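Residue numbers (PDB author numbering), protein chains in the order written: chain V, 1 to 172; chain G, 1 to 172; chain A, 1 to 172; chain W, 1 to 172. The beta-carbon is built from N, C-alpha and C at its ideal position, and this holds for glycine as well. Report on the structure given below.
Number of protein chains: 4
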Amino acid sequence: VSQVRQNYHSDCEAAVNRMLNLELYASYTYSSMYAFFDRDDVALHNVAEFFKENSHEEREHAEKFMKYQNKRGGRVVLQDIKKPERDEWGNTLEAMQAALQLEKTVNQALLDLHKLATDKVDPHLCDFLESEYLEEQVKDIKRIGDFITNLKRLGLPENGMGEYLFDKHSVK
Amino acid sequence: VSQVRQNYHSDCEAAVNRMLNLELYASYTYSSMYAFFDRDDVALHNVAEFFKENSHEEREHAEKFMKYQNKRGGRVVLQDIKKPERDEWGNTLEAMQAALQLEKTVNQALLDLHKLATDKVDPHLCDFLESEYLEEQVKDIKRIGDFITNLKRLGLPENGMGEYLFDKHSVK
Amino acid sequence: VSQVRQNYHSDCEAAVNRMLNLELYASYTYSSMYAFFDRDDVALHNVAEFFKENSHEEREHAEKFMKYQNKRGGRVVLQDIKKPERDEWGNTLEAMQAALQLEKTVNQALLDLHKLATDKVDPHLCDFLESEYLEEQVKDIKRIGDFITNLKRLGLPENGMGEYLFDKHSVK
Amino acid sequence: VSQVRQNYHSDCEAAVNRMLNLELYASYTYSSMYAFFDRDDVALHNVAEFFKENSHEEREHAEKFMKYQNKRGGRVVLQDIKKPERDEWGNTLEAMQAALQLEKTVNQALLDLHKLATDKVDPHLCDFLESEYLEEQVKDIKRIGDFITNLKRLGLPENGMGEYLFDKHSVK
Ligand SMILES: [Cl-]
Ligand SMILES: [Cl-]
Ligand SMILES: [Cl-]
Ligand SMILES: [Cl-]
Ligand SMILES: [Cl-]
Ligand SMILES: [Cl-]
Ligand SMILES: [Cl-]
Ligand SMILES: [Cl-]
Ligand SMILES: [Cl-]
Ligand SMILES: [Cl-]
Ligand SMILES: [Cl-]
Ligand SMILES: [Cl-]
Ligand SMILES: [Cl-]
Ligand SMILES: [Cl-]
Ligand SMILES: [Cl-]
Ligand SMILES: [Cl-]
Ligand SMILES: [Cl-]
Ligand SMILES: [Cl-]
Ligand SMILES: [Cl-]
Ligand SMILES: [Cl-]
Ligand SMILES: [Cl-]
Ligand SMILES: [Cl-]
Ligand SMILES: [Cl-]
Ligand SMILES: [Cl-]
Ligand SMILES: [Cl-]
Ligand SMILES: [Fe+2]
Ligand SMILES: [Fe+2]
Ligand SMILES: [Fe+2]
Ligand SMILES: [Fe+2]
Ligand SMILES: [Fe+2]
Ligand SMILES: [Fe+2]
Ligand SMILES: [Fe+2]
Ligand SMILES: [Fe+2]
Ligand SMILES: [Fe+2]
Ligand SMILES: [Fe+2]
Ligand SMILES: [Fe+2]
Ligand SMILES: [Fe+2]
Ligand SMILES: [Fe+2]
Ligand SMILES: [Fe+2]
Ligand SMILES: [Fe+2]
Ligand SMILES: [Mg+2]
Ligand SMILES: [Mg+2]
Ligand SMILES: [Mg+2]
Ligand SMILES: [Mg+2]
Ligand SMILES: [Mg+2]
Ligand SMILES: [Mg+2]
Ligand SMILES: [Mg+2]
Ligand SMILES: [Mg+2]
Ligand SMILES: [Mg+2]
Ligand SMILES: [Mg+2]
Ligand SMILES: [Mg+2]
Ligand SMILES: [Mg+2]
Ligand SMILES: [Mg+2]
Ligand SMILES: [Mg+2]
Ligand SMILES: [Mg+2]
Ligand SMILES: [Mg+2]
Ligand SMILES: [Mg+2]
Ligand SMILES: [Mg+2]
Ligand SMILES: [Mg+2]
Ligand SMILES: [Mg+2]
Ligand SMILES: [Mg+2]
Ligand SMILES: [Mg+2]
Ligand SMILES: [Mg+2]
Ligand SMILES: [Mg+2]
């Protein structure tokens, strides 16, 4: 019964709320990675800042879904933001592997929401996902996979010199 | 039998002509609103200019469909532009309510055309509607709904001071 | 057993983690307020943006505690960020009243942490709280109290014109 | 019996003189490190310059205590500046480990002086230490610990390539 609401299915409204929870969850996981790489016994500042920037990106993605919900006449419903799966992230390779899996999880949720929007015949929601989320997801997954290939090349996890070189030349 | 025509169904060609008629109809309705708010016994110039700008926007939307028709090899067929439903628009709240309904009518026609384009497997027409029309429609509907909420807050229709304040602070 | 750790009590390390949880909780509450005032049936955009900016400020405060933890050789430990107390915030006056109470809650936690830092004879932590948190808290509480006084003056909650005027002249 | 003296305990005056001796001692130790890394058989110029800059910083810290002593009406009393503990510093890792211990020694003296100032109820001296010394100490200790973690990662002391890479990418 919002005066603006048109062609917006209740199931899509709910799925949008779940999606923005997941973006906040992803933001929090990257926050955790930032703090781990900033530890004095880890001390890879370029890596830390990479994850810090990703944390802000994911928060922005969540805010964009809140704005979207309101534009369509749906109602934002928030739930707890669950803490990350780990308290410590091992090393740059383990963290990047976790980041790749997180990005693929977020991507799968976006594709699932696109499929729901398709089934409910909601082209505005389809366009929004395609224009604002799906391409950035593919780019981010490609970036992280490329990093993982380089970290393996550099001899991670055992090769500390390799880890240092990555921090100084791949995320500088 | 246009040399450029490819994957363009006769039903979509006809629906595009009907859509650009409706954009011209919407333009004319907003023209009428501009003239009403410019009356010396109405005299809400910021509101009048808001509607005047919307009238030009809708005309541009019509022209874009004419260009689209030709790009696909369809043929522009014009029909009369029907005069607006009312000759006078009451006050800012009544006008905005009429504008909201008009915008939702235009939006429904765009969504119907997108569904036809989907059924005829015409991704160029789908993309055109998504990229050029559907998002602006959602933004415009949200803007007008927000205005209506504020006009009600301000005590319209009875509260003339409220109407004055809206003209001076919401469409300045 | 961090190599950098000096004069940093385990209880202060734990209290810093709890404090940065509370800053994230406060950020999330302000996010919720932003989304409520952006609703088409609420539509007070200046108020919404005020709360959105406060949400980002609180997130920055949390990040600063993460950096602080690491600088002292403590270890960041994250917990779930609990969803806000309410899903809808009534009106500008109710929201500002909730904001005042939230700010006083955060302030009390900061003062409690300062007292713990005092008891553990940790002048670096005392200075950090005084220089980076306690003054901004007093300023923010004063700002919100001033707003509440003005919203009451303007006749909230009943006086919708008053609410409109505040949005247009106090948070413009 | 200085005309300016107020609320300045004789024990704090004496402790300030001892503190500025220790800053000069720290300056001299870093001078020694600069000269060692500038040796033709050591030849790590970026590391050498890092230590040279730290030597000047510590001298400035000493001068600031002299100015402070006079501002409070105490009397500067100088003692010999003892030569550093070592004549040669092994390698970048050994030097950084010595630097970390020196920084923690200076920090402990500053915290001890803050405790004395607290016991003598001297808030001006407390503020001075907090504002001018204690935060820079925490930052410097964190910087050196981060370096040590990276030097170990790079395989020091055995890995000469690692040592070269640190000089070229961490203190450039
Ligand atoms: Cl609907
Ligand atoms: Cl529904
Ligand atoms: Cl929901
Ligand atoms: Cl759960
Ligand atoms: Cl873990
Ligand atoms: Cl995952
Ligand atoms: Cl065709
Ligand atoms: Cl056909
Ligand atoms: Cl036709
Ligand atoms: Cl007819
Ligand atoms: Cl009429
Ligand atoms: Cl209509
Ligand atoms: Cl006014
Ligand atoms: Cl400790
Ligand atoms: Cl402890
Ligand atoms: Cl904890
Ligand atoms: Cl709980
Ligand atoms: Cl509620
Ligand atoms: Cl509270
Ligand atoms: Cl005295
Ligand atoms: Cl004395
Ligand atoms: Cl002395
Ligand atoms: Cl001696
Ligand atoms: Cl020696
Ligand atoms: Cl030492
Ligand atoms: Fe995301
Ligand atoms: Fe991403
Ligand atoms: Fe990204
Ligand atoms: Fe239009
Ligand atoms: Fe429109
Ligand atoms: Fe528009
Ligand atoms: Fe005004
Ligand atoms: Fe805060
Ligand atoms: Fe103090
Ligand atoms: Fe201070
Ligand atoms: Fe605050
Ligand atoms: Fe603030
Ligand atoms: Fe110093
Ligand atoms: Fe220092
Ligand atoms: Fe320093
Ligand atoms: Mg309603
Ligand atoms: Mg529903
Ligand atoms: Mg979920
Ligand atoms: Mg749990
Ligand atoms: Mg794109
Ligand atoms: Mg690339
Ligand atoms: Mg021909
Ligand atoms: Mg035909
Ligand atoms: Mg028609
Ligand atoms: Mg007729
Ligand atoms: Mg678009
Ligand atoms: Mg707006
Ligand atoms: Mg250790
Ligand atoms: Mg502990
Ligand atoms: Mg708590
Ligand atoms: Mg709960
Ligand atoms: Mg201050
Ligand atoms: Mg003020
Ligand atoms: Mg005298
Ligand atoms: Mg004396
Ligand atoms: Mg001494
Ligand atoms: Mg001697
Ligand atoms: Mg300071
Ligand atoms: Mg650093």
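Contact annotation: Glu58 of chain G and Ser31 of chain G have beta-carbon atoms that are not nearer than 7 Å. In this structure, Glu88 of chain V has its beta carbon less than 6 Å from a heavy atom of ligand 5. Sequence-ordered contacts of the region 66 to 95 of chain V with chain A read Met66, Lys67, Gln69, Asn70, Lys71, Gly73, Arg75, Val76, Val77, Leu78, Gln79, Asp80, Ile81, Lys82, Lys83, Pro84, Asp87, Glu88 [C-beta pairs closer than 9 Å]. Within the region 1 to 37 of chain G, complete alpha helix (DSSP H) segments of at least 4 residues are found at 10 to 37, given in chain order. Counting every other CB atom within 10 Å of its CB across the protein chains shown gives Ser131 of chain W a total below 16, marking it as exposed. Membership of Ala95 of chain W in the alpha helix (DSSP H) is indicated by the continuous run 92 to 119. Chain W places a beta carbon closer than 7 Å to that of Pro123 of chain A, counting this residue as a contact. Annotation: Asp119 of chain A has no Cβ neighbours in chain G at a cutoff of 8 Å; minimum Cβ distance is about 51 Å.
With 5 Å as the limit between CB and the heavy atoms of ligand 1, the residues that fall short of it are V:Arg5, V:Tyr8. Pairwise C-beta distances place the region 119 to 129 of chain A out of contact with the region 137 to 150 of chain A, as fewer than three of them are shorter than 8 Å.
For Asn70 of chain W, the distance from the CB to the nearest heavy atom of ligand 22 is not below 6 Å. Each residue's CA atom was taken as its position, placing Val47 of chain W and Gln137 of chain W some 20 Å apart. The beta carbon of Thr105 of chain G sits closer than 6 Å to at least one heavy atom of ligand 12. Contacts with chain A at 7 Å (Cβ-Cβ) do not include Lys172 of chain G. With its beta carbon less than 7 Å from one in chain V, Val4 of chain A belongs to the interface. Taking 7 Å as the CB threshold, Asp41 of chain A stays off the interface with chain W.
Close CB contacts of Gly74 of chain W within its chain, under the 7 Å cut and outside five residues either way in sequence, are with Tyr8, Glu13, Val16 (chain order). By the C-beta density criterion, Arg39 of chain V is buried, having at least 16 other C-beta atoms within 10 angstroms. If you check the C-beta of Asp112 of chain W against ligand 39, you find no heavy atom less than 6 Å away. Counting only residues of its own chain and dropping the five nearest sequence neighbours on each side, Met66 of chain W has a CB closer than 7 Å to the CB of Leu20, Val76. The residue among W:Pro157, W:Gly160, W:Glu158, W:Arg153 with its C-alpha nearest the C-alpha of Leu165 of chain V is W:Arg153. Taking C-beta atoms as the reference points, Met33 of chain W and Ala95 of chain W count as a pair closer than 7 Å. Taking a Cβ-Cβ cut-off of 8 Å, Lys115 of chain A has no neighbours in chain G, whose nearest Cβ is about 45 Å from it. For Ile81 of chain A, the three-state secondary structure derived from DSSP is strand. Among the residues facing chain A, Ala35 of chain V is included, as its CB has a counterpart in that chain under 7 Å away. A direct Cα-to-Cα measurement between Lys172 of chain G and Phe37 of chain G gives close to 14 Å. Between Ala62 of chain A and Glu23 of chain A, the C-beta spacing is below 7 Å.
At least one heavy atom of ligand 41 is found less than 6 Å from the C-beta of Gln3 of chain V. Taking 7 Å as the cut-off, the beta carbon of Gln97 of chain A is found no closer than this to the beta carbon of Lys83 of chain V. Listed in chain order, the beta strand (DSSP E) runs fully inside the region 42 to 82 of chain W amount to none, counting runs of at least 3 residues. For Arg86 of chain G, the CB contacts under 8 Å within the same chain, skipping 5 residues up- and downstream, are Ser32, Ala98 in chain order. Just so you know, the alpha carbons of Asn70 of chain G and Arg5 of chain G end up roughly 9 Å apart. Rounded to the nearest whole angstrom, the C-alpha separation of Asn150 of chain W and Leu110 of chain W is 28 Å. By the neighbour-count definition (other C-beta atoms within 10 Å, threshold 16), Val1 of chain A is an exposed residue. Rounded to the nearest whole angstrom, the C-alpha separation of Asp122 of chain A and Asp41 of chain V is 23 Å. The straight-line gap separating the alpha-carbon atoms of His114 of chain V and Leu113 of chain G is approximately 20 Å.
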